[PDB]
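Asker:
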Amino acid sequence: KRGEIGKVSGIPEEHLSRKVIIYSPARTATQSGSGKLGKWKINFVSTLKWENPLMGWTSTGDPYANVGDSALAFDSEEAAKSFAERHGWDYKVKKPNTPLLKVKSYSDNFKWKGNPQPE
Amino acid sequence: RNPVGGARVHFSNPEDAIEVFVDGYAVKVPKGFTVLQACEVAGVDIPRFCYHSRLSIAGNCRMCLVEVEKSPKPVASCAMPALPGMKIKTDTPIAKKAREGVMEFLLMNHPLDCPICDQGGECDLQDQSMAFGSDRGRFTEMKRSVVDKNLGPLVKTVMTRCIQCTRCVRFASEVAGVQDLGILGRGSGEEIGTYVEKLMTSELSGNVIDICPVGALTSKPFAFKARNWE
Amino acid sequence: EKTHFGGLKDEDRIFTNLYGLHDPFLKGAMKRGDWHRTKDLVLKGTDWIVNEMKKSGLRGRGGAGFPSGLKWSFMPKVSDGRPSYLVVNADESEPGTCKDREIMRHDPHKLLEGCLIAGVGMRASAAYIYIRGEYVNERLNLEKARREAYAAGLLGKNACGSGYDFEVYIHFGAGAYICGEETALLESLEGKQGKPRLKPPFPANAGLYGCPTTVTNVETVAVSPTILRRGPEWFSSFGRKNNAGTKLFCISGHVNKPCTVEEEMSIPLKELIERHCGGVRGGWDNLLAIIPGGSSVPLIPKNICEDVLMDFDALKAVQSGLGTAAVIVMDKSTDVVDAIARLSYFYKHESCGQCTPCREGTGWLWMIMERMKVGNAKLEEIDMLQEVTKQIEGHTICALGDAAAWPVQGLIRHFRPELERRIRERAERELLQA
Amino acid sequence: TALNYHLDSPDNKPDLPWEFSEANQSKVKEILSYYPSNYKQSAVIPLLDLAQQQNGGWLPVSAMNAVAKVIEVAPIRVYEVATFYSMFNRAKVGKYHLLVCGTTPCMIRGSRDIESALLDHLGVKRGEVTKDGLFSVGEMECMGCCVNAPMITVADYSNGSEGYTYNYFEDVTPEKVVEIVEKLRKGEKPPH
Amino acid sequence: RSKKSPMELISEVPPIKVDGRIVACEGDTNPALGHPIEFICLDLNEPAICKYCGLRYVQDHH
Amino acid sequence: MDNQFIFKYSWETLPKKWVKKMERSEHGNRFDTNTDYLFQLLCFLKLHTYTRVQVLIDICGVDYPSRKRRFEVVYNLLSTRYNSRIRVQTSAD
Ligand SMILES: Cc1cc2nc3c(=O)[nH]c(=O)nc-3n(C[C@H](O)[C@H](O)[C@H](O)COP(=O)(O)O)c2cc1C
Ligand code: SF4
Ligand code: SF4
Ligand code: SF4
Ligand code: FES
Ligand code: FES
Ligand SMILES: [Zn+2]
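Chains as they are written, first to last, in UniProt numbering: chain E, 35 to 153; chain X, 57 to 286; chain C, 51 to 484; chain G, 30 to 221; chain R, 48 to 109; chain H, 1 to 93.
(1) In chain order, what are the residues with a CB under 7 Å from some non-hydrogen atom of ligand 3?
(2) Under the assumption that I248 (chain X) contacts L237 (chain X) (Cβ atoms under 8 Å), give the Cβ distance between them as a whole number of angstroms.
(3) Please name the residue or residues paired with residue 549 (chain C) in a DSSP beta bridge.
(4) Using a C-beta cutoff of 8 Å, does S185 (chain X) count as contacting chain R?
(5) What is the DSSP secondary structure of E153 (chain E), counted as helix, strand or coil?
(6) Kindly give me the distance between the Cβ atoms of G173 (chain G) and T147 (chain C), rounded to whole angstroms, as I take these residues to be in contact under 8 Å.
(7) Taking only beta-carbon positions, decide if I100 (chain G) is within less than 8 Å of chain X.
(8) Please confirm whether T88 (chain C) has its beta-carbon closer than 8 Å to some beta-carbon of chain X.
(9) Go ahead and label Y64 (chain H) buried or exposed: buried means 16 or more other beta carbons lie within 10 angstroms of its beta carbon, across all protein chains shown.
(10) Helix or strand or just coil, what does DSSP make of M434 (chain C)?
(11) Go ahead and pull the three-state DSSP assignment for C88 (chain R).
(12) Grab the span of the alpha helix (DSSP H) containing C43 (chain H) for me, first residue to last.
(13) Can you tell me which of C:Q404, C:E102, C:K297 puts its alpha carbon nearest to the alpha carbon of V268 (chain C)?
(14) Is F108 (chain E) helix, strand or coil by DSSP?
(15) According to a CB-to-CB cut-off of less than 8 Å, which residues of the stretch 89-105 of chain X neighbour chain E?
(16) Cβ closer than 7 Å: which chain E residues qualify as neighbours of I144 (chain X)?
(17) Closest by CA to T384 (chain C), which one among C:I473, C:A140, C:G303, C:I220?
(18) Could you round the C-beta distance between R217 (chain X) and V270 (chain X) to whole angstroms and report it? I think they count as a contact, below 8 Å.
(19) Would you kindly report the start and end of the unbroken alpha helix (DSSP H) that includes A477 (chain C)?
(20) The UniProt domain "4Fe-4S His(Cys)3-ligated-type" (150-189) of chain X: which residues have C-beta closer than 9 Å to a C-beta of chain R, in chain order?
(21) Please find out if some non-hydrogen atom of ligand 2 comes closer than 7 Å to the beta-carbon of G44 (chain E).
(22) Indicate the three-state DSSP secondary structure (helix, strand or coil) for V127 (chain E) in the structure shown.
(23) Below 8 Å on the Cβ atoms is my guess for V264 (chain X) versus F227 (chain X); work out the distance and round it to an integer in Å.
(24) Taking 8 Å as the threshold (beta carbon to beta carbon), is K75 (chain E) in contact with chain C?
(25) Touch check for the stretch 135-150 of chain E and the stretch 255-264 of chain C: three-plus C-beta pairs under 8 Å?
(26) When you compare only the Cα positions, how much space is there between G148 (chain E) and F396 (chain C)?
(27) Fully enclosed by the stretch 298-342 of chain C, which beta strand (DSSP E) runs are 3 residues long or longer?
(28) Exposed or buried, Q243 (chain C), counting other C-beta atoms within 10 Å across all chains shown (16 or more means buried)?
(29) Counting beta carbon pairs with one atom in the stretch 336-348 of chain C and one in the stretch 448-460 of chain C, are three or more of them shorter than 8 Å?
(30) Please report the straight-line C-alpha distance between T182 (chain G) and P251 (chain C), rounded to a whole angstrom.
(31) Which whole runs of the beta strand (DSSP E) in the stretch 55-88 of chain H are 3 residues long or more, in chain order?
(32) Chain E partners of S71 (chain G), CB-CB under 9 Å?
(33) Quick one: is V264 (chain X) near chain G, going by C-beta distance under 8 Å?
(34) Expressed to the nearest angstrom, what Euclidean distance is found between the alpha-carbon atoms of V73 (chain G) and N208 (chain C)?
(35) Beta-carbon of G249 (chain X) versus every beta-carbon of chain G: anything under 8 Å?
(36) Counting only runs that start and end within the stretch 216-241 of chain X, where is the alpha helix (DSSP H) found for 4 or more residues in a row?
Below, the structure written as structure tokens:
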């Protein structure tokens, strides 16, 4: 809806109907730092990537292969939604999963373990 | 400020919320919430090697040290419970020189096999060394070494590059539910292993690959296949 | 007096039979004043014992220095289902100290009386004595004494004829220096590796088996019964303000006939060395260095060991505290760098490798000081050693890291010029031979 | 030769059956009785020491599993305990385990002089048993005030859990230590 | 010769004899022109293979 | 002229409604003005006696795809006589 900016962008018209996914990438499991969170990106699904039959190089024909990764990063969900809405893409927002901080204490390691009652 | 990583704080008791000063910015946290978690609430990210939010708290590796105004020694923020009205200090010369001093000890016996480490691009040791570390490097003598003992067809182990953070041991003892991995020895030269020929036979036994920060435990099927950036 | 706190009359001493001149079993202890109407002593209740201990000013031995009254008062007054325990730190590691094995070899019933008195003054259902693993004969003798006391109704249910119940068990380690720590003691006694736990979970709230407990030295509890019987006011007379009492000194080193006598608290070092244990070998003229107390404290050179008082605060003001009170003197005939290097190797050997600064820092200290023992290092390595010791100190879990950093700092502060001398002479040799 | 891994050997392997002796069973029960029933893991140190005494001075992997079954814990939790403490040998030692000079309170007085005599009188390196399984040389820790720099230490593993004895000898001499070795060769014990 | 790939060509080099618990491998005799130094604990009876070079080190003693 | 002197004088001399946002630092004096006052501000900076900005270095442009005014055109200027460098930037769409 409201693809006027999409119309005036000048990009090929056939790429204005692409379905896109909006999400905030989660923290990687292999690292414990949280310096790569809170930034939203549009995920064009550049699925088609065949293999060059000369050297095994990965060829592609999708112009949006790495745009959403290398560039085009948004500081908020609203900005990304407004951007996709302005360019007339059928976006689909995926809310991120956030950790739930729980009361954790060192002393919980060392519990009385009850009373040696017969059982 | 907003919590780092979007972490949600669940106040099971609205009345009990002690107010602390992480770096001069007062925040409210419930009972418990060790100094590390209080800083996590206030948007401050503290280095950590032994502390996993899913396992029991251990105090080794002394990397999350911070300075408290009413404390002579730097305290382990990952273990010291929060108290009302603390004046915590993170960006302080004491709390910094603590971190470089600890990480120098961490790196003094680490092997020089970064180009062949399967966790080269996503290692917490080097990523934190670039930020919270001194660039010079002072150690010059001979390092130690540990031989590699096979365990499992899908967990490739190089225990030479293993900081003894005991995270794998706690995971195997608590989450996995099978007690096969333990810490053996005393002093400089303690090893971690099964002490026998047994392999890790558990359904969720492949999670030791991610939970171990350094490249000591890495997946065997993914041995040297690709780097994280590609 | 106040002018000089030196010399006991040999009848004011409380550790009789210290030389093993008489029987150490129940009969000898009974004839020497043990198990003397202890039921009357325990029937005044817990509060009276704690108040008397506070009045007596009994500073905790074993190197901690914490007052015993304050430590005992920390135990809870009401039992919330969890019984309270008592652990006696009989692990006499850190060699050069032989006072605890002498106490348990010759005065076992005194230790049993002290532990019972402590368990009356702290609401402890049972008490555990953790004997060092190497003390096999001592453990067997103390077990015999314990069963002798049990057969006499002195322990067990209805202890000493009163309504109080006390069970005394025996546990022995397997040769680990770190097991002597306050918390690694409880970890080992719980059935796992002896690695210390973090401090904020204090043993007064979660100790042995997750139950509140208090750890006290065997020497500190052995003086508990005699203090109450002889009166707290009498005990406070020996020494000076807030740190009075009688301390056992295990003198050793380059001296002739080293003794292990018990004397006053604020004993002058010169008087103690030159009165009991003859004199330092070669005379006082050499007196290269001396470690006051155990080896876990910084060294004191020749200049500042004169007119020094063997008190906790008096020594602490000299940046070298008093630990187990077993001095090791060094004559000028021997080098000081080699002894400290061997001490650093010992600290590297016994470190339980839990936290990073102690696990790696002690090894680094050993390597650096082995290198400089032959002088094979640059001149700037001394400041590097100082910085490494500063990094190790204060960032560890237990006090062994500080106990390993302190001797190096003591050597550097007082005996630095020897290091430059060795380094320079080795440099001259290297340039002379090609 | 202190290692933290097994590499199964025909002398010690997990499949071998190890059981506490009938005389030692009463001692096992007495040891277990000193601790609450739910906290049976606390008896690991006394049980391991008793098992080492019974076997003859060394702790095989099967004895560790037997102790683990006795206290009902995972066998790794007993491997950790056995490896941590410097009193469980985990490697075969002859009937007598000689212990050699100690640390720096003693090395100040010249501890490290009496080390080669014990080795060349039997022709075996440290940690290696003689041709017959009687003597071995290992390291020790000083009990305390080590005024006599040359000391030796013996462990009577010949009789087993019954005649086990751990004595410390003071003021040892290179010919005196040979005299003690010969005295222990026939069977009689020296005076301490 | 070129019919022998490094896979089957590095295995024909006999293992190095060295005393001690560990050995430092640098690749070339000049440290700057080799690989990063790699201390390996050669305690197992199998030769310990350097991860960079592929050279095998075995303990002469025992 | 000194960088802080340009700061003080220009901020005092300029009409207040022209400059929405302005910044002083070692990197460079910045005048973030509105999109319609840009011509007038440039004319004032070109002709005023104390601030004689005679040469325009370049007209830049930065794309911020996260704000309502996506683009931002930057005008780098130079005063040859007084040896100063001023930077004026606005927001576009
Ligand atoms: C590394 C370390 C080793 C220790 N070893 C002993 C020891 O062998 N014997 C002892 O009585 N105290 C030792 N201590 C001091 C203990 O903390 C002490 O036994 C305990 O705190 C009781 O002290 P108290 O007698 O003042 O109550 C050691 C402390 C540390 C940090
Ligand atoms: S674990 Fe990290 S620091 Fe160690 S070699 Fe691998 S990438 Fe380098
Ligand atoms: S193997 Fe990994 S998880 Fe386990 S202690 Fe070593 S670094 Fe930590
Ligand atoms: S400082 Fe040393 S002895 Fe103390 S807990 Fe840490 S590693 Fe163990
Ligand atoms: S991360 Fe907290 S002490 Fe290791
Ligand atoms: S430790 Fe060997 S003489 Fe005392
Ligand atoms: Zn190599």
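Cβ coordinates follow ideal geometry from the N, Cα and C atoms, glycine included.
Answerer: Answer, in terms of the structure:
(1) X:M215, X:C218, X:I219, X:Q220, X:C221, X:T222, X:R223, X:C224, X:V225, X:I248, X:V264, X:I267, X:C268, X:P269, X:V270, X:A272, X:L273
(2) 7 Å
(3) Any question about residue 549 (chain C) goes unanswered here, given that chain C covers just 51 to 484.
(4) no
(5) coil
(6) 5 Å
(7) no
(8) no
(9) exposed
(10) helix
(11) strand
(12) 38-47
(13) C:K297
(14) strand
(15) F89, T90, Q93, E96, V97, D101, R104
(16) Here the premise fails: no neighbours, minimum Cβ distance about 17 Å.
(17) C:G303
(18) 6 Å
(19) 466-482
(20) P167, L168, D169, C170, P171, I172
(21) no
(22) strand
(23) 6 Å
(24) no
(25) yes
(26) 40 Å
(27) 312-314, 339-341
(28) buried
(29) yes
(30) 40 Å
(31) 55-59, 71-78
(32) In chain order: nothing, as chain E lies at least about 12 Å away.
(33) no
(34) 30 Å
(35) yes
(36) 223-227
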